[PDB]
$ cat data17.cif   # mmCIF, C-alpha atoms
data_coords
loop_
_atom_site.label_atom_id
_atom_site.label_comp_id
_atom_site.auth_asym_id
_atom_site.auth_seq_id
_atom_site.Cartn_x
_atom_site.Cartn_y
_atom_site.Cartn_z
CA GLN L 1 114.83 1.96 58.35
CA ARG L 2 115.29 1.77 54.58
CA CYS L 3 115.11 -1.44 52.58
CA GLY L 4 114.43 -3.08 49.24
CA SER L 5 114.06 -1.67 45.75
CA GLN L 6 113.29 1.91 46.80
CA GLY L 7 115.62 1.96 49.79
CA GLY L 8 119.03 0.71 48.71
CA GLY L 9 118.44 -3.04 48.58
CA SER L 10 118.79 -3.88 52.27
CA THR L 11 116.93 -6.38 54.44
CA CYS L 12 115.15 -5.07 57.56
CA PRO L 13 116.40 -5.55 61.11
CA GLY L 14 114.68 -8.54 62.70
CA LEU L 15 113.71 -9.71 59.21
CA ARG L 16 110.69 -7.43 59.27
CA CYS L 17 108.57 -6.55 56.24
CA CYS L 18 109.82 -4.12 53.60
CA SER L 19 107.03 -2.08 51.99
CA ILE L 20 106.89 -1.06 48.33
CA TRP L 21 107.97 2.39 49.53
CA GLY L 22 111.28 1.03 50.85
CA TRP L 23 110.66 1.18 54.61
CA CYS L 24 110.63 -1.46 57.33
CA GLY L 25 107.72 -2.27 59.63
CA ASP L 26 105.41 -4.86 61.14
CA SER L 27 101.88 -3.68 60.29
CA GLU L 28 99.57 -4.03 57.27
CA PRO L 29 101.00 -1.24 55.11
CA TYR L 30 104.41 -2.90 55.31
CA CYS L 31 103.46 -6.58 55.49
CA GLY L 32 100.14 -6.93 53.65
CA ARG L 33 99.02 -5.84 50.19
CA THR L 34 101.70 -3.17 49.80
CA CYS L 35 104.59 -5.37 50.94
CA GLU L 36 107.67 -5.97 48.79
CA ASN L 37 109.66 -8.52 50.83
CA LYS L 38 109.40 -10.72 53.93
CA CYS L 39 105.63 -10.47 53.77
CA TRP L 40 102.89 -12.13 55.82
CA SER L 41 101.74 -14.09 52.77
CA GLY L 42 105.22 -15.54 52.36
CA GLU L 43 105.09 -17.97 55.31
CA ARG L 44 105.91 -21.52 54.17
CA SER L 45 103.06 -24.03 54.16
CA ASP L 46 105.11 -26.19 56.54
CA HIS L 47 105.68 -23.23 58.88
CA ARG L 48 109.47 -23.73 58.91
CA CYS L 49 111.70 -20.67 59.31
CA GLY L 50 115.32 -19.81 60.09
CA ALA L 51 118.56 -20.14 58.16
CA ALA L 52 118.13 -23.69 56.86
CA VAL L 53 115.17 -22.66 54.69
CA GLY L 54 116.52 -19.25 53.73
CA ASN L 55 115.05 -17.06 56.46
CA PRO L 56 111.46 -16.84 55.22
CA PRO L 57 108.87 -14.62 56.90
CA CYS L 58 106.05 -15.64 59.22
CA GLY L 59 102.41 -14.58 58.99
CA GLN L 60 100.56 -11.96 61.00
CA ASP L 61 101.18 -12.06 64.75
CA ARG L 62 103.55 -14.98 64.33
CA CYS L 63 107.28 -15.15 65.06
CA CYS L 64 110.17 -17.42 64.11
CA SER L 65 111.27 -19.45 67.15
CA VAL L 66 114.83 -20.44 67.92
CA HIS L 67 113.79 -23.99 67.04
CA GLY L 68 113.00 -22.98 63.46
CA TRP L 69 109.20 -22.78 63.31
CA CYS L 70 106.73 -19.93 62.87
CA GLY L 71 103.87 -19.65 65.39
CA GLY L 72 102.04 -17.35 67.78
CA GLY L 73 102.45 -16.80 71.51
CA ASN L 74 105.22 -16.81 74.09
CA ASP L 75 106.85 -20.04 72.94
CA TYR L 76 107.66 -18.49 69.56
CA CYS L 77 107.74 -14.77 70.29
CA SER L 78 109.27 -14.10 73.72
CA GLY L 79 112.88 -13.04 74.19
CA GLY L 80 115.11 -16.24 74.20
CA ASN L 81 112.31 -18.24 72.57
CA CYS L 82 112.42 -16.10 69.42
CA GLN L 83 114.98 -15.69 66.64
CA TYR L 84 113.31 -13.10 64.37
CA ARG L 85 110.09 -11.18 63.80
CA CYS L 86 109.70 -11.08 67.56
#
$ encode --input "data17.cif" --output "structure tokens"
Amino acid sequence: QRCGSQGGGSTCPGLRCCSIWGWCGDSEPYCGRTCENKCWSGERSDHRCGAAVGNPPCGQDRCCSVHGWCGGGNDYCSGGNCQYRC
């Protein structure tokens, strides 16, 4: 769906990446070099995520767990275990 500067100013569902073209997605064109917001490179050095730190993104193949940390695998990414970028 649409997002960001080219797409009305919105934030993507599931806090996914918004590309410079104003579309949401989870792959390189959206999240890498041509990303505008909630980009892979935007993960905090401390790996925290969630509402308390302003809903930052997580890196590639990482998700924000319900406990408030980015990481890879089932404990961060699977249903119930995951809050966004699942």
$ closest_residue --input "data17.cif" --among "L:64, L:17, L:3, L:86" --to "residue 35 (chain L)" --atoms "only C-alpha atoms"
L:17
$ atom_distance --input "data17.cif" --atom1 "CA of residue 33 (chain L)" --atom2 "CA of residue 66 (chain L)"
27.9 Å
$ atom_distance --input "data17.cif" --atom1 "CA of residue 82 (chain L)" --atom2 "CA of residue 63 (chain L)"
6.8 Å
$ resolve_selection --input "data17.cif" --expression "the PyMOL selection byres ((chain L and resi 68) around 8)" --output "NGL selection string"
:L and (48-50 or 64-67 or 69-70)
$ atom_distance --input "data17.cif" --atom1 "CA of residue 59 (chain L)" --atom2 "CA of residue 42 (chain L)"
7.3 Å
$ residues_near_point --input "data17.cif" --point "(112.7, 1.1, 54.1)" --cutoff "9 Å" --atoms "all atoms listed in the file" --output "NGL selection string"
:L and (1-12 or 17-25)
$ resolve_selection --input "data17.cif" --expression "the PyMOL selection byres ((chain L and resi 14) around 8)" --output "VMD selection string"
chain L and resid 12 to 13 15 to 16 84 to 86
$ write_last_selection --input "data17.cif" --atoms "C-alpha atoms" --output "PDB file, in the coordinates of the input"
ATOM      1  CA  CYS L  12     115.150  -5.070  57.560  1.00  0.00           C
ATOM      2  CA  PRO L  13     116.400  -5.550  61.110  1.00  0.00           C
ATOM      3  CA  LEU L  15     113.710  -9.710  59.210  1.00  0.00           C
ATOM      4  CA  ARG L  16     110.690  -7.430  59.270  1.00  0.00           C
ATOM      5  CA  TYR L  84     113.310 -13.100  64.370  1.00  0.00           C
ATOM      6  CA  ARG L  85     110.090 -11.180  63.800  1.00  0.00           C
ATOM      7  CA  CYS L  86     109.700 -11.080  67.560  1.00  0.00           C
TER       8      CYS L  86
END
$ closest_residue --input "data17.cif" --among "L:36, L:30, L:77, L:47" --to "residue 61 (chain L)" --atoms "all atoms listed in the file"
L:77
